[PDB]
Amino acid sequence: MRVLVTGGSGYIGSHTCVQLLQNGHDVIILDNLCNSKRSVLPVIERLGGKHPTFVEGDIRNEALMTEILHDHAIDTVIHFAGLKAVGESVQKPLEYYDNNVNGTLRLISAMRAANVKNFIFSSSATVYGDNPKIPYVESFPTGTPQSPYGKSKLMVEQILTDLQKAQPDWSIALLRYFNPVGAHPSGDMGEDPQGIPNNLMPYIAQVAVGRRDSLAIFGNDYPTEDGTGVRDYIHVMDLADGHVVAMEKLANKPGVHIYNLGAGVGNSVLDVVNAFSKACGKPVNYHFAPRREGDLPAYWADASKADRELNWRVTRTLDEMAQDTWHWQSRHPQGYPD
């Protein structure tokens, strides 16, 4: 199929594009380069074993979206474009709402005009908010997320849902996931945070490489087996894979298809650290701090539905996530070249 991949040069999108191309689809990448570099492109093509057309531009530009859609005769859209830094969302809520809420709205408005009706939304499990019972199941009502980031994601899920109700011929997947980690096995693609890394893994990696001194561990008194927070980490390759299957299998199948993408288990902060020490051949430095801001003791997603329905499940381990991360870090210490 002809797939427009918004945010394709980013972390998860870049990995998703390689997999798309490997499956032989025709890939059109749309990215504004606000959080990714052109230098990834060629790696994409190479590992993908095929050429992905690249378009520099913004989802908020509805006109341009429509153009692209028509110009390329798109069948489906996988939408990764957006902003995803939680604390930054609290400081700059407007930007988050503009990029995510209006950004997606502009994007689907254009699809409508261009008559594109297949969509894969890269959601977030933050949507469950404090509406648990854990692990989270797609049948659980969402709760109220705490940052503007979380809220923007649920808002978009809601909009898409209503849209689908009004235009029942649309196929929309809401892919909810938690913590994407790792990197392509080649070691030539991986997560390239620009500043202080958001996620645990990269933060750890930077400590490990000497860029950081010690990992602050927030709260060593949670009601967990080791006292640290328990989260759900998913290898970015498994995630990429989820995206492709979801895209291939749901195209032209009307409805709102909600699926948690995860390993179906949680790992504590120490488990991740220890996995990483083992990966990089040396003890990661860390210390304990008091319980953080918007953090809970433990949560992870129930991924039974995608297994049953898409026949998808993760295949990589936490140890590989660590290794693959160390591998990329170690091969391209400076990340993507300018």
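Residue numbers here begin at 1 and follow the sequence given.
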item: 184 to 192 versus 131 to 139 - greater average Cα B-factor per the deposited record; value: 131 to 139
item: Given 195 to 203 and 260 to 268, the range whose Cα B-factors average higher in the PDB entry; value: 195 to 203
item: Largest Cα B-factor, entry values, listed residues 79, 112, 165, 176; value: 165
item: Options 64, 306, 301, 30 - largest CA temperature factor per the record; value: 301
item: Chain third (lowest, middle, highest) by recorded CA B-factor, residue given as residue 104; value: lowest
item: Residue 313 - which third its CA temperature factor falls in, relative to the rest of the chain; value: middle
item: Where the record places residue 157 (Cα B-factor, split into thirds across the chain); value: middle
item: Cα B factor band for residue 279 (lowest, middle or highest third within the chain); value: highest
item: Within-chain third of residue 8 by Cα B-factor, per the entry; value: middle
